[PDB]
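Listed here are the chains, written in short residue letters.
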Amino acid sequence: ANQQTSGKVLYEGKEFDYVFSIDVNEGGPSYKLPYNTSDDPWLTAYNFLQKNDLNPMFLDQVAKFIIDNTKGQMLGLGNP
């Protein structure tokens, strides 16, 4: 596990591969979505959703961002 430990994200005191930082409420706790790059979007997102007690409506949003991290259409790309 963790052959490379370069970019890890801290959430509530724990470190994960890539946790996402979610803003939507102004003034209050920030939402962090801890994703391991070998885990499924809908699962990882569901994990945080049930963990922080969020609405199932959020699951697609968080999961899709998860995907793009390893996909590359929104922030990935890497194009000429």
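The rules behind the values
Residues numbered from 1 in each chain as written, not as in the entry; some residues may be left out. Heavy atoms only, no water. Helix = DSSP H or I, 4+ residues; strand = E, 2+ residues; numbered from the N terminus. Expected span 1.5 Å × (residues − 1). Buried < 20%, exposed > 50% of the residue type's maximum accessible area, 1.4 Å probe, protein only. Contact = heavy atoms within 4.5 Å. Axes fitted to C-alpha atoms, helices over the stretch in contact; angles between N-to-C directions. Parallel < 35°, antiparallel > 145°, perpendicular 65-115°, else oblique. Left-handed = near helix turned anticlockwise from the far one by under 90°.

For this entry, the PDB record names solution NMR as the structure determination method.

By the naming in the PDB entry, the protein goes by Phospholipase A-2-activating protein and is assigned to Homo sapiens.

Novice: When you look at helix 2 (residues 58-70) in this model, what are you seeing that I'm missing?
Specialist: Each α-helix winds once per 3.6 residues, and so residues spaced three or four apart point in a common direction. Over its 13 residues, helix 2 runs 19 Å from end to end, which matches the ideal 18 Å to within 8%, given 1.5 Å per residue. Those residues of helix 2 that fall on the buried side of the exposure criterion are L59, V62, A63, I66 and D68. The inward-facing, buried residues of helix 2 abut strand 3 (18-22), strand 4 (31-35) and helix 1 (41-51). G72 sits one or two residues past helix 2 and shows a positive phi near 115°.

Novice: So what exactly am I meant to see when it comes to the packing of helix 1 against helix 2 here?
Specialist: At a minimum axis distance of 8 Å, the contact between helix 1 and helix 2 shows a crossing angle of 130°. Judged by the angle between their axes, helix 1 and helix 2 are oblique. Crossing handedness for the pair helix 1 and helix 2: right-handed. Residues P41, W42, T44, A45, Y46 and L49 of helix 1 lie in contact with helix 2, whose contacting residues are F58, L59, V62, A63, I66 and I67.

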